[PDB]
Amino acid sequence: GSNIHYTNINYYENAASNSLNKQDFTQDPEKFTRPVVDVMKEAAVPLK
Amino acid sequence: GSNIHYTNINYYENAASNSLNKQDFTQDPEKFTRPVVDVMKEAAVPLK
Amino acid sequence: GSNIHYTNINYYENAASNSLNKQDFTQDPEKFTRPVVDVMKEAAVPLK
Amino acid sequence: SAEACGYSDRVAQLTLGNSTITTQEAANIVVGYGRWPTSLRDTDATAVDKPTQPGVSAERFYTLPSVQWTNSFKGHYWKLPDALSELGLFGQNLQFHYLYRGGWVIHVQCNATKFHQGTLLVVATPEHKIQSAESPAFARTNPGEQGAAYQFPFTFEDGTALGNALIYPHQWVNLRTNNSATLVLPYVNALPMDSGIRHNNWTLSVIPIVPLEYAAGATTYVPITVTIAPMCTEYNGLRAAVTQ
Amino acid sequence: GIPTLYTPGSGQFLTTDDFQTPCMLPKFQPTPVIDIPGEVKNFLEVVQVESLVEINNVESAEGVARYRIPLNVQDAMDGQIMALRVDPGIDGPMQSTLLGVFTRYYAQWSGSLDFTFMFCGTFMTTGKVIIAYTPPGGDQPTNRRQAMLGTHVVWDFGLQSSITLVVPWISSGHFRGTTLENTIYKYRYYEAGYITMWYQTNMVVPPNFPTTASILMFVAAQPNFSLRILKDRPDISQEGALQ
Amino acid sequence: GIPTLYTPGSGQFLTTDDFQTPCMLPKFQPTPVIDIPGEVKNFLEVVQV
Amino acid sequence: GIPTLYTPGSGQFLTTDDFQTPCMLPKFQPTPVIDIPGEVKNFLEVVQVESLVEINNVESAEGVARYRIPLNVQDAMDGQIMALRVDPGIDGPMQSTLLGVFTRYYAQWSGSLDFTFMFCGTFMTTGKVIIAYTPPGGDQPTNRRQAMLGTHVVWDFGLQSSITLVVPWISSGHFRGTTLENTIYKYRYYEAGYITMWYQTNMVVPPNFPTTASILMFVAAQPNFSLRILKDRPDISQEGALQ
Amino acid sequence: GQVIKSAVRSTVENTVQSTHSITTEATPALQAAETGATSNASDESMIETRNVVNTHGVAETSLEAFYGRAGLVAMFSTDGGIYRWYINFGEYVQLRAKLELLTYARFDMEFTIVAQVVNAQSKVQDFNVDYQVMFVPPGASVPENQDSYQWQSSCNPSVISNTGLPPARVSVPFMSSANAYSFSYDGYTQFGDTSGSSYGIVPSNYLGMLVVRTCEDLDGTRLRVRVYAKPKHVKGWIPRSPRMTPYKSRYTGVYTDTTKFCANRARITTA
Amino acid sequence: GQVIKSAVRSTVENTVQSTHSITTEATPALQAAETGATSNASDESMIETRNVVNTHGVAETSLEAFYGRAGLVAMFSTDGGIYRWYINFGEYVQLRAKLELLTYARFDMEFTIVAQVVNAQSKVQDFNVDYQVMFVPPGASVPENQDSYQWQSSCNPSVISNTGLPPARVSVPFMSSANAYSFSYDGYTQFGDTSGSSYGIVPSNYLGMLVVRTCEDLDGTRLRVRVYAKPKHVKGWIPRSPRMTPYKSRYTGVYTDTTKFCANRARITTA
Ligand SMILES: CCCCCCCCCCCCCCCCCC(=O)O
Ligand SMILES: CCCCCCCCCCCCCCCCCC(=O)O
Ligand SMILES: N[C@@H](CCC(=O)N[C@@H](CS)C(=O)NCC(=O)O)C(=O)O
Ligand SMILES: N[C@@H](CCC(=O)N[C@@H](CS)C(=O)NCC(=O)O)C(=O)O
Ligand SMILES: [Cl-]
Ligand SMILES: [Cl-]
Ligand SMILES: [Cl-]
Ligand SMILES: [Cl-]
Ligand SMILES: [K+]
Ligand SMILES: [K+]
Ligand SMILES: [K+]
Ligand SMILES: [K+]
Ligand SMILES: [K+]
Ligand SMILES: [K+]
Ligand SMILES: [K+]
Ligand SMILES: [K+]
């Protein structure tokens, strides 16, 4: 996959000149998948 | 033969971009040449 | 003449890729000029 | 002692489940690539459902129909797991699941007498393709428990040299020396598990390289028998039974 | 801009070059490496495995029969059974073996060779044969007495069905060319010698038994064997694109 | 001048390449990043909806 | 991409350049270096070895006879025996010597020279000769008296058959050109002088003995000798490809 | 588990001096090929040997050294300024035969593209033109013409170069959905079909196609293209019996039967 | 063992001041060439000398400095778009004569290839074309035509460049099966043959051939090629007597007999 021996040195003044970002993580999708006020546990019924 | 002063620095993000591997060893061929359960010493007879 | 600040770094795997050797000395030519068993001093006569 | 003097005893007993196989003229036991069958590691697995591991109901010896070593005999082969796809609970588990993984213990039997001569190469080949024909017949790529006769032994049915088949796990049944061959095979594939009705991981071949000959008047009817046992098996993706 | 001076070789495409280059899929993450039996790291592991020699390469032998060395009850003594140049990379009985194929993928070789033979007659069939290796210098030995002066082993048929004759590495140089092509390169210079087999006594059998039997011949590289300079295998070719 | 040897691939335009290049406006200073709800970092967050 | 600026010289092929370049066989492993006698690291080791001067290069002398300096019983005194320019790289008696060949592979030289002579007459043949080196400025000396004013050695024939005349390095500059080509370069400027030989007394022999004898002339570089600026040896040439 | 170890070496085995042996105990020469094991008789046991400190290396036969060089995998000319090449290594036999020496293998690859302009009579032209090579994964739309919209290549990777520049080159990672590429597959491409045409091919080995075009239309000439591939970072499993018959088809290993591999000689007793 | 040491120096020997000597003891000038030894008389012993701190170096005469530069070894034109050159350095005399100054030598080499297009009248053309140089080791199949399958070069090393790019260049290691190349061999190429044609040539010096082609067909023109070789990392043994007669053949050292090396002069007494 990705290298653990990558050399990141910027040759230019402006950050716009830099190469692509190398993070690429993902985050908990809750803000999109479960944007509700009241927590609804997986083991219980949703509405009661 | 091979150098003892080789510079190995990766310029790219993905390992697929890296140059060829530089190990090149060989291993005991037993798993192919003598894949038997019972050890058969060179000095004794094979079957008895 | 030759530099005292030369940078010698090998970029390739095989020594055959390296640049020319930088020693260039000469050695006592005795094995060619005086390959004799008995030493013959410059101050004495050769044969006696 | 056999292990003390550094040799291999000619007798052997193989016990799996409710089955036991014995031989008094063996020639050691081969363990393919030096590896015994093993379960799928959590770091190699991909299918998420809890697997089925039938145990003794499927990991036992199944004997297939015998084959006659005729004068014109060119050899015979069987595909695995194809050959057992309809035998016992191993077959049932193979049919009811999408995925299967397992090893094998193979025992080839062929006895004659000290008055007979002949030599059989017994080889287990991974991914052995039957490609001597432009369009291979299903009857030959998946011959079932009856197995199929060789038509092109010299080229190993795949365009390679028979003599180089020794690069695969094998033994020989040389009548003057032994009457059986035994091979333990681990699961081999480029995947952690696969379909047992669409892919055959191993092919067992029994090929006569030195024709069967004998003192005039001796028994001429000499059978070759194959007994195979699935070992360390597991299945995933349960559903209704499906065969190829 | 850092001052630079580009040199000869710039822009060339050397098939054996070894540079780093941009990846088509820079963020791609491959499937995990799983546990698969039989990993090989060097092909020397393969040439050390014995394979059959197509030793009986004569008009009368077709297919499988070409692997069998004919043996029969003699009515004369000291007769010859077979002969072969030991060179692993030349055209002949060795070319279709594992050792031969890989040797043919290289230009030079070195190391001892293992020639193993298995007798396949009946349990009652006996015999003693001598297998000899004749280092280079002259032609193959003409009779058993001459052959016997070189490296050899006397084989007695019995419970242990096989015997090994080690053709030790005996060469002027550390390596030998894999071909003996003469017309252009004069490589006959590298001939490694011959291996011959003779009846030491005779093949003997009981009444009504097969008076002919077979010997299978195997060959493999020893642990001190190696190859150098990769080259295209002369056996693989084509006359047009494949469809 | 440092001796160099240019290799195959030189001058090519690989759409997925990732090099640093001179900026058209080297001293430009972008507007600040403000607080906007719903930031997404990976589309896996979307296919899970 | 790191900003760079390629400069003049880029792409040129200078035969004496010294860069690192990709190897055709990156993983190749050469045969071991074994113990072989006579290793040489610098050709200065070779030019210090004495070799024969083709001194008698006249019409009447063919082949081997050209290495012999003629000596004979005189009936007059102070006569001359031979003469030669000492310059090691010019056309003449020196050009076919070891020293001459290598000097001809270079444009400049420096150092003292060793001229050794071996008398080859009978054990009973006696004589004394004077060998002189005349530093540049004029023409070769016309008589023994003039020659005797320069560097010289008086040689007495006896048990020790040879004598050495060292032509010391006496030059205005640290080096001299190896050619004296005048028409274009006016290199006659570098002439190093002459070496001449004269009868000091006379060659004397017993009754009925050979009244003529020979002297062999050797030349070699001294330990303070060196060469600069490699150039193609003018003697090696061809008019068409060789087959 | 694994009952046979695999210790690594960087040089071949040395030879140790040995002496004569007259005994009934040790019998190194006696073997039994029936066991399936290769002889274990050593040089030192068969003859009297001397000491040899053997420093011969083993590097050139490593998988990396054997496979680590470029080989031709595709060669074609555009037609109407375009060409569609399905990625597979069965067209040119040399590299194909090499890969088939292993059953399974993982490796990255370096692709190198060499292109030139040729006329109708197939004569090379000194003409620099821009060309585009686009990788179209299975499922993506393949351009029908030299100017179709797919050439926008906003997602598909593309490489644009010129016949006047050095050969184009890019690396690709190990892309199979499997954990290794398979160079021998005894199975079918799908369930419910047992026709011979779908036997012996593992679909996961096919990663798509390369479609090529000249960015603008050539006048009466065509673009000639050669694609070379070089395996890198090779890991392999299960050595196979080498191909011993000519290849006949690009997608199958079908062959013509033969009764011999090497040529015949007069007699078995004359070397 | 070695009874004569070989200490290394980086400068020539200094001159030390000396004075007169009138004695019966020391006689430096007296020598005996019969012993086979070169005179050992020093400057300081033959004349009165002064002190000279000589800093002259010895670098330019080292083996590396002498051999370390490129020289032409091959020059040819394609025929039918192809040319087969057997690797050997006997065609062009300059480099050949240099190598023959040593009996045995080990060295790596840097090969440089310069190619241009020329027409039928041998006039150079400004035409950029791709060319391929393939190294075919002995035993490998040599391509018969410009488009034969061997050009796939999946194992044979090949270098593909263009007449429009700088000269191609690659390094090669010390490849002989021997422990040193031999530039003088008093023996035969094989056992059982004593014909003159197989005398004086050591086969291990022949590593194969270079076959060249233009990747595509030229129209009426040919590819002109020059190959240069430059020894590197030189190690040499046993200096030899320099060639003193013209070369006549590419593979043998045969020559025309002569009665003199240098030209004659009027008399031995006139310099
Ligand atoms: C955009 C630049 C284009 C460069 C080419 C990229 C090609 C990507 C595909 C790589 C897949 C390689 C798989 C090799 C296995 C095939 C084996 C077989 O033929 O059976
Ligand atoms: C693929 C690129 C091609 C570059 C050329 C590679 C050539 C490899 C061969 C090198 C062998 C050099 C041996 C020199 C000794 C020959 C002496 C002789 O002629 O007798
Ligand atoms: N078919 C177009 C002409 C071709 C064209 O402009 N194609 C565009 C839009 S369909 C494109 O995507 N071109 C990609 C390219 O050529 O790079 C027309 O309507 O005349
Ligand atoms: N002879 C071929 C034409 C030439 C050709 O396509 N050759 C192929 C396969 S034989 C090749 O290997 N070419 C290598 C190359 O030219 O790079 C035909 O049948 O028309
Ligand atoms: Cl041959
Ligand atoms: Cl031959
Ligand atoms: Cl001159
Ligand atoms: Cl002059
Ligand atoms: K819930
Ligand atoms: K259970
Ligand atoms: K070792
Ligand atoms: K044994
Ligand atoms: K062995
Ligand atoms: K000094
Ligand atoms: K002296
Ligand atoms: K001297």
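Residues numbered from 1 in each chain as written, not as in the entry; some residues may be left out. Chains lettered and ligands numbered in written order. Part of a larger assembly, values for the part shown. Heavy atoms only, no water. Residues with missing side-chain atoms left out of burial classes, pairs and counts.

Chain E is annotated in the PDB entry as VP3 of Enterovirus F.

Going by what the PDB entry lists, chain F is known as VP3 and is assigned to Enterovirus F.

### Concerning the packing of aromatic side chains
This is how it is decided: Any pair of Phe, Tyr and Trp rings, taking the six-membered ring for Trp, is counted once the centres come within 6.5 Å. Such a pair is stacked with planes under 30 degrees apart, edge-to-face with planes over 60 apart, and tilted for the rest. By definition, any uninterrupted DSSP run of H or I lasting at least four residues is a helix, any uninterrupted run of E lasting at least two residues is a strand, and each is numbered from the N terminus. A simple rule labels every residue: compare its accessible area, found with a 1.4 Å probe on the protein chains alone, to the largest value its type can have, and call it buried under 20%, exposed over 50%, or partly exposed in between. Charges are assigned to positions over rings by a cutoff of 6 Å between ring centre and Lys NZ or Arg CZ, combined with an angular limit of 35 degrees from the ring normal.
For the structure on display, the rule yields 63 aromatic pairs over all chains. Here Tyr 105 of chain E and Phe 66 of chain H contribute two aromatic rings whose centre-to-centre distance is 5.1 Å and whose plane-to-plane angle is 75°, an arrangement assigned as edge-to-face. Residue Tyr 105 of chain E is found in the loop between α2 (98-103) and β7 (106-110), and its partner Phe 66 of chain H is found in helix α2 (residues 63-67); the two belong to separate chains. For the pair formed by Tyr 105 of chain E and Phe 66 of chain H, the shared burial category is buried. The interplanar angle of 10° and the centroid separation of 4.2 Å between the aromatic rings of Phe 76 of chain H and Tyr 83 of chain H together place this pair among those described as stacked. Members of the aromatic cluster, connected to one another through ring pairs, are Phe 90, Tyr 100, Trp 104, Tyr 187 and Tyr 235 of chain D. Sitting above the plane of the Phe 123 of chain E ring, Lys 114 of chain D keeps its charged end 4.9 Å from the centroid.

### Observations regarding the coordination of the potassium ion (ligand 12)
This is how it is decided: Here the term donor refers to an N, O or S atom within 2.8 Å of the metal (or 3.2 Å for Na, K and Ca), and because water is left out of the atoms, sites may appear incomplete.
Protein ligation of the potassium ion (ligand 12) involves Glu 42 of chain B (O), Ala 44 of chain B (O) and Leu 30 of chain H (O), the donor distances falling in the range 2.9 to 3.0 Å. Of this pair, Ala 44 of chain B sits in the segment after α1 (30-33) while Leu 30 of chain H is found in strand β2 (residues 30-31), placing the two residues in two different chains. Look at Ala 44 of chain B and you get buried, because its relative accessible area is 16%.

### Here's the deal with the nonpolar core
Selection rule: Put simply, a nonpolar core is a bunch of buried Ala, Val, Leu, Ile, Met, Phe, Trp, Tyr and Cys residues held in one set by side-chain atoms that sit within 4.5 Å of each other.
Counting 181 residues, the largest nonpolar core has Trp 104 of chain D together with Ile 69, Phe 115, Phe 117, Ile 131, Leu 216 and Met 217 of chain E as its most contacted members. Considering every element that reaches this core, the biggest residue donor is strand β5 (residues 102-118) of chain H, with nine residues. Counting residues in each nonpolar core, the second largest holds 108 residues, with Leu 102, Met 109, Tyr 131 and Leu 207 of chain I among its members.

### Section: the coordination of the potassium ion (ligand 9)
Residues and elements named next belong to chain A. Coordination of the potassium ion (ligand 9) by the protein is provided by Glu 42 (O) and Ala 44 (O), with metal-donor distances spanning 2.9 to 3.0 Å. Its relative accessible area of 84% is what places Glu 42 among the exposed residues. Classification of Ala 44 by relative accessible area gives partly exposed; the value is 45%.

### A few points about the interface of chain H and chain E
Just so we agree on the cut-off: Here, residues are in contact when the closest pair of their heavy atoms is within 4.5 Å. Accessible area, probed at 1.4 Å, shrinks when two parts are joined; the buried area is that loss added up over both. The working definition used for a salt bridge is a side-chain nitrogen of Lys or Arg within 4 Å of a carboxyl oxygen of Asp or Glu. Side-chain atoms alone can form a polar contact between residues adjacent in sequence; in general such a contact is a pair of N or O atoms within 3.5 Å, and within protein one must be able to donate a hydrogen while the other accepts it.
In this complex, chain H contributes 88 residues to the contact, which on the side of chain E involves 94 residues. Taken together, both faces of the contact between chain H and chain E bury some 7600 Å²; the carbon and sulfur share is 59%. Between chain H and chain E we count three salt bridges in total. Close ionic contact of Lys 230 of chain H with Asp 17 of chain E constitutes a salt bridge, the shortest N to O distance being 3.7 Å. If you look at where chain H meets chain E, you find 51 residue pairs in polar contact.

### A look at unusual backbone geometry
The amide bond that connects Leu 80 of chain D to the next residue, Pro 81 of chain D, takes the cis arrangement and shows omega of 0°. Secondary-structure assignment places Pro 81 of chain D in the loop between β6 (76-80) and α2 (88-96). The backbone of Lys 186 of chain G shows a phi angle near 60°, a positive value even though the residue is not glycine. Its place among the elements puts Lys 186 of chain G in the loop between β11 (176-177) and β12 (194-199). Taking relative accessible area as the criterion, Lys 186 of chain G reaches 59% and is therefore assigned exposed.

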